[PDB]
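I have placed the structure first, in the form of structure tokens, so that the comments after it can refer back to it.
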Amino acid sequence: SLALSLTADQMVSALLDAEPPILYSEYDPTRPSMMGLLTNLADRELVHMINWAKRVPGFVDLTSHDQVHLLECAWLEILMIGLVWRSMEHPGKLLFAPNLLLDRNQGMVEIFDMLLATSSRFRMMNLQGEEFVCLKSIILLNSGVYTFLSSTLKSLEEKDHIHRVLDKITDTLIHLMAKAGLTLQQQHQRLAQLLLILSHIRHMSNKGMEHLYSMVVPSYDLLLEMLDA
Amino acid sequence: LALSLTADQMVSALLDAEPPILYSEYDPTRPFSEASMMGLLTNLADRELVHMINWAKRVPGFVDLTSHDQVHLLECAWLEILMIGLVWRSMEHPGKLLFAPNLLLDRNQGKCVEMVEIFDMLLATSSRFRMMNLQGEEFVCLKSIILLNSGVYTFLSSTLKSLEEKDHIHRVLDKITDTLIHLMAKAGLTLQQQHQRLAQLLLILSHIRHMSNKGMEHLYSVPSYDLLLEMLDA
Ligand SMILES: COc1ccc(N(CC(F)(F)F)S(=O)(=O)[C@@H]2C[C@@H]3O[C@H]2C(c2ccc(OCCCN4CCCCC4)cc2)=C3c2ccc(O)cc2)cc1
Ligand SMILES: COc1ccc(N(CC(F)(F)F)S(=O)(=O)[C@@H]2C[C@@H]3O[C@H]2C(c2ccc(OCCCN4CCCCC4)cc2)=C3c2ccc(O)cc2)cc1
């Protein structure tokens with residue numbers, strides 16, 4: 001596997017090159033709904049996410065089935081971390097798209113507040129683009145790894161592979177911090193601080209999901225089809 | 001005092017603060033029904049909660065926070081703490097959850113649901129801990145991280161006080177991180193292995209959050225603010 005042979009700098013480069021573009025809401029600036037705009041935006045982001053996933057080093061070494069399970073578990077967290085990153089330089093506001101910039105007053109409010117808090121945390125920490133892409137990849141690989149239903153040798157090799165790629169991403173994060181001039185202590189601390197926020201993103205994704213089942217999630221089969229294509 | 005602790009004193013303080021393992025209500029009618037399974041687990045959890053508050057009060061830095069912030073952290077973290085305790089106890093019992101020494105359940109007895117899905121996840125966490133050879137000293141660090149980290153991002157914070165509280169939480173979390181690293185360095189791990197193992201332990205916390213959320217979601221009808229406040233004051 002090419003992925004396990006990458007240096008820190010090549011891992012960063014691969015992830016930066018794979019980044020999807022920032023998409024616009026289909027809001028017509030000449031025409032005078034919220035869920036409609038977000039749904040349409042998310043549906044377009046999802047197509048890019050599948051193609052971005054395929055470019056995350058190590059991801060395509062997995063079976064199609066395991067690729068889908070990871071996307072199933074991670075998709076909402078990935079959209080959410082994207083949103084939080086885009087919003088970082090806009091305190092008090094969520095930048096769903098350049099033409100859909102919302103404050104607290106608008107759009108559940110609970111989930112909004114949590115997204116804003118994550119954004120403030122990223123700002124306070126001076127989160128860098130290179131760090132962002134590492135975290136986004138970690139979410140993809142980590143979110144679904146503990147819930148693989150299979151007991152075959154293959155499933156064991158797949159889990160092991162995921163853990164090895166996650167270790168590479170960890171090495172990458174540490175290398176970026178050492179290059180930026182952080183001491184060893186600061187490196188371990190900052191890595192912990194970044195990984196701990198992932199647990200908040202899991203939470204937000206779960207609450208988002210919970211607030212939905214008062215009323216569509218991409219199915220296994222839909223995701224499998226999108227991967228195959 | 002908490003920010004002046006060395007790695008070794010932090011470990012010591014956490015080890016000394018560990019709550020006892022409780023027993024489930026003696027001699028329930030077996031086999032279990034949904035109602036009585038939930039009855040036994042609820043009673044067990046309610047008793048564990050009192051000990052958890054006493055344990056929390058001894059986590060270095062926790063009692064420096066306002067009562068209000070102490071409660072908010074326990075509110076967000078309590079189920080994750082019970083869950084990580086269960087996973088730790090179950091580590092040396094593959095395929096089984098050790099709710100208590102006298103309540104050791106295998107997957108088959110999860111099917112008393114609406115349960116089995118969350119059981120499977122708990123078992124997977126237990127196997128992950130086993131495979132990684134998770135040590136007691138590491139466990140107590142992780143459990144403290146959950147307490148301090150789970151509720152820290154959802155402080156409705158405008159005041160300088162709220163900012164100093166959050167800063168304090170982050171400084172104590174940094175100390176726990178240093179502590180975990182020190183334990184790993186002492187155990188003989190290289191620098192690379194140290195960073196990797198720390199990452200692997202912290203990433204499991206995200207799965208424990210998930211299990212806590214799903215547990216909550218599968219609840220078809222939580223310790224109140226007032227209960228938690230009262231237990232802290234006492
Ligand atoms: C269905 O899944 C959820 C889960 C939670 C919520 N939410 C409202 C709550 F149900 F919770 F009340 S939410 O958590 O607040 C969610 C976070 C943020 O706001 C919502 C939203 C958001 C809306 C709608 C959507 O549908 C797209 C999926 C529909 N498609 C998938 C497969 C093809 C056909 C159907 C996804 C995402 C956001 C978003 C958007 C973009 C972004 O780049 C970043 C963030 C809403 C929907
Ligand atoms: C039988 O039907 C199900 C259905 C699902 C599950 N669950 C999945 C499974 F665990 F079986 F795999 S579970 O819902 O996720 C939940 C996790 C675990 O089992 C339940 C339970 C649990 C019960 C109750 C409770 O407090 C109840 C209320 C507490 N008090 C608050 C204020 C005063 C009044 C009440 C907390 C916790 C557990 C526990 C318990 C202790 C522990 O040390 C570790 C774990 C289990 C059985």
Side-chain angles (χ1 to χ4, degrees), chain A residues 20 22-23 25 34-49 75-87 94-97 100 102 107-112 114-115 204-219 222-223 226, chain B residues 19 21-22 24 32-49 52 78-90 97-100 103 105 107 109-123 211-220 222-224 226-228:
Chain A
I22 292 160
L23 300 188
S25 165
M34 191 56 52
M35 192 52 51
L37 292 175
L38 296 179
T39 294
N40 178 276
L41 171 70
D43 282 333
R44 290 180 285 114
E45 290 185 280
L46 187 60
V47 186
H48 286 279
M49 185 195 303
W75 73 272
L76 185 52
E77 293 176 82
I78 291 157
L79 290 184
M80 284 174 162
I81 201 180
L83 174 64
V84 160
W85 174 249
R86 296 196 293 279
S87 300
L94 294 182
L95 197 145
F96 290 93
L100 194 60
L102 307 180
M108 191 68 112
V109 71
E110 190 181 325
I111 289 147
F112 218 85
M114 298 189 285
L115 291 159
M204 294 195 287
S205 181
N206 294 144
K207 299 299 267 206
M209 288 290 202
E210 185 177 11
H211 286 54
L212 200 289
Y213 308 151
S214 335
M215 263 182 146
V216 184
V217 169
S219 68
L222 169 55
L223 289 173
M226 285 173 69
Chain B
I21 291 166
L22 300 183
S24 172
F32 297 121
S33 72
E34 179 215 347
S36 89
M37 179 66 85
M38 269 307 308
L40 295 174
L41 294 180
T42 295
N43 177 277
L44 175 67
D46 283 334
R47 290 181 285 115
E48 290 184 282
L49 188 60
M52 185 199 299
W78 74 270
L79 185 52
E80 291 179 81
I81 292 156
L82 288 186
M83 282 178 168
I84 201 180
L86 173 65
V87 160
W88 173 251
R89 294 195 293 278
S90 300
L97 293 181
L98 196 146
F99 291 93
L103 195 61
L105 306 178
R107 201 182 174 279
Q109 313 175 245
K111 299 185 177 77
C112 295
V113 45
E114 193 157 319
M115 182 189 178
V116 72
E117 184 183 304
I118 293 150
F119 214 102
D120 275 352
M121 299 194 280
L122 290 160
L123 287 172
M211 295 194 288
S212 180
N213 294 332
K214 298 301 276 268
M216 227 55 111
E217 286 166 38
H218 289 213
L219 187 182
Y220 278 42
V222 172
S224 67
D226 288 303
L227 175 54
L228 292 172

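In listed order, ligands and their atoms are each counted from 1. First the proteins, then the strands, lettered A, B, ... as listed; each starts at 1.
- The option with the heavy atom closest to atom 11 (F) of ligand 1, from among A/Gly82, A/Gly208, A/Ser205, A/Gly36, is A/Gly208.
- Put simply, the side chain of A/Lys207 does not reach to within 4.5 Å of the side chain of A/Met108, judged on heavy atoms.
- Counting the atoms of ligand 1 from 1 in the order shown, those under 4.0 Å from a heavy atom of A/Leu222 are 32 (C), 33 (C).
- At a heavy-atom distance under 4.0 Å, only backbone atoms of B/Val222 (N, CA, C or O) approach ligand 2.
- For A/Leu212, heavy-atom contacts with ligand 1 shorter than 4.0 Å involve the backbone as well as the side chain.
- The neighbour count for A/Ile22 CD1, taken as heavy atoms of other residues, nucleotides or ligands under 6.0 Å away, does not exceed 12.
- In this structure, atom 25 (C) of ligand 2 is in close contact with the protein, since a protein heavy atom lies within 4.0 Å of it.
- B/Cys112 O, 3.0 Å is the protein heavy atom nearest to atom 2 (O) of ligand 2.
- Between the choices B/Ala35, B/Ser90, B/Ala45, the shortest heavy-atom distance to atom 36 (C) of ligand 2 belongs to B/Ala45.
- Taking all atoms of both residues into account, the shortest heavy-atom contact from A/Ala97 to A/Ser25 is CB-N, 3.5 Å.
- Put simply, the side chain of B/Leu41 reaches to within 4.5 Å of the side chain of B/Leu103, judged on heavy atoms.
- The protein atom (non-hydrogen) at minimum distance from atom 8 (C) of ligand 1 is A/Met35 CE, 4.0 Å.
- Residue contacts with ligand 2 include B/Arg89, since one of its heavy atoms falls under 4.0 Å from the ligand.
- Looking at atom 28 (C) of ligand 1, its nearest protein heavy atom turns out to be A/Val216 O, 3.5 Å.
- Protein heavy atoms all stay at least 4.0 Å away from atom 16 (C) of ligand 1.
- Across all their heavy atoms, A/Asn206 and B/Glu217 have their closest contact at O-OE2, 3.7 Å.
- Shortest contact from atom 45 (C) of ligand 1 to any protein heavy atom: A/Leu83 CD2, 4.0 Å.
- When all heavy atoms of B/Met211 and B/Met83 are compared, the pair lying nearest together is O-CE, 3.5 Å.
- Ligand 2 lies out of reach of B/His218, whose nearest heavy atom is not under 4.0 Å from it.
- Here B/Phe99 has side-chain heavy atoms under 4.0 Å from ligand 2, and that is the only part of it that gets that close.
- Residue B/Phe119 approaches ligand 2 through these ligand atoms, each under 4.0 Å from one of its heavy atoms: 11 (F), 12 (F).
- A/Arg86 contributes a side-chain N or O that, together with a main-chain N or O of A/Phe96, makes up a donor-acceptor pair within less than 3.5 Å.
- With ligand atoms numbered from 1 in the order given, ligand 1 contributes 41 (C), 42 (C), 43 (O) to contacts under 4.0 Å with heavy atoms of A/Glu45.
- Using a 4.5 Å heavy-atom cutoff, the side chains of B/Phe119 and B/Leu105 are in contact.
- When only non-hydrogen protein atoms are considered, atom 23 (C) of ligand 2 lies nearest to B/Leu41 CB, 3.8 Å.
- When the heavy atoms of B/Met115, B/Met211, B/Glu217 are ranked by distance to atom 4 (C) of ligand 2, first place goes to B/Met115.
- Across all non-hydrogen atoms, the minimal contact from A/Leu115 to A/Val84 is O-CG2, 3.6 Å.
- Atom 10 (F) of ligand 2 has its closest protein heavy atom at B/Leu122 CD1, 3.6 Å.
- Protein heavy atom nearest atom 32 (C) of ligand 2, with residue, atom name and distance: B/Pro223 CA, 3.5 Å.
- Rounding to the nearest 0.5 Å gives a distance of 7.5 Å between CE of A/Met49 and CH2 of A/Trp75.
- Distances below 4.0 Å separate heavy atoms of A/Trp75 from the following atoms of ligand 1: 2 (O).
- Taking a 4.0 Å cut-off on heavy atoms, B/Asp46 registers as neighbouring ligand 2.
- Minimum interatomic distance between A/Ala42 and A/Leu79 (heavy atoms only, all atoms of both residues): CB-CD1, 3.9 Å.
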Is there a side-chain contact (heavy atoms from CB on, under 4.5 Å) between B/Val113 and B/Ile118 once you walk through the steps?
CA-CA 10 Å; B/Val113 45; B/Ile118 293 150; over 6 Å; no
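- Considering only non-hydrogen atoms, atom 44 (C) of ligand 1 lies nearest to A/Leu79 out of A/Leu41, A/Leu79, A/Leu94.
- If you number the atoms of ligand 1 from 1 as listed, the ones under 4.0 Å from a heavy atom of A/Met80 come out as 14 (O), 17 (C).
- Atoms of ligand 2 lying under 4.0 Å from any heavy atom of B/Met37, numbered from 1 in the order shown and given with element: 1 (C).
- If you take OG on B/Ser36 and CE on B/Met38, they are separated by 10.5 Å, rounding to the nearest 0.5 Å.
- Residues B/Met115 and B/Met37 approach most closely at CE-CG, 4.3 Å, considering heavy atoms.
- Residues B/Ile81 and B/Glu48 have side chains not in contact (no heavy-atom distance under 4.5 Å, counting atoms from C-beta outward).
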